[PDB]
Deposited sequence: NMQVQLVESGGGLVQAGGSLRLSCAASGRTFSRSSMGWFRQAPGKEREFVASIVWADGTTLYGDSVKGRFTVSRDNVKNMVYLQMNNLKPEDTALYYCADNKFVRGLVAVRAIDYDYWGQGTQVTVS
C-alpha cells in the first residue's frame, strides 16, 4: 500500500516526433515537488524535469532542457516532449517528492513515491 501514481502517454514516434506524458496522484495533499525521471534498460534513472509545487518553478535536466516542458494541474501533472531523438528511447517515470526543499531535489533518492512507468521510442 502506497500513494499510487500513474502515467500514460508512452509510445513510438519517428525521430523528430512529439509525444506527451500525463500523470495522476490518487488522500494526497502536500507535495513540495513532482518530477519525471527516465531510465534506459540496465542504466539508472536520469533526472529529466520537475515542477516545484507551491511556486510552479520548472527545472529541466541537461540533455533535454529545450525540447521538454513541464506543468502542474489542479491531482494531475504533465510532460511535453518535442523533437524526439532515438537517444530519448527509455522508460519514463512520475515522482512525488513530499519532502525535499523542491529546488534542491534532483535525484532518485529524493522522491518518496514512484509511478509505474510508460515506454518511449524513435527512428
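Stretches of the deposited sequence absent from the structure, as judged by C-alpha coordinates, are 1, 28, 77-78.
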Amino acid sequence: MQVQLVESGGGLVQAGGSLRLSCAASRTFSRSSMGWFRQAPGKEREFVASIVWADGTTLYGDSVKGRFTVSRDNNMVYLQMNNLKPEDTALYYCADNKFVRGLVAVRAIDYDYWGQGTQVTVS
From here on, numbers count along this sequence of modelled residues.
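For the pair 27-35 and 47-55, the mean Cα B-factor is higher in 27-35. Between the residues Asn83, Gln80, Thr89, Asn97, the entry's highest C-alpha temperature factor is the one at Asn83. Ranked by C-alpha B-factor against the other modelled residues of its chain, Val3 falls in the highest third.
For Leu103, the recorded CA B-factor ranks within the middle third of the chain. Only modelled residues enter the ranking. Split the chain's modelled residues into thirds by C-alpha temperature factor. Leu21 is in the highest one.
The PDB entry assigns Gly10 a C-alpha temperature factor belonging to the middle third of its chain's modelled residues.
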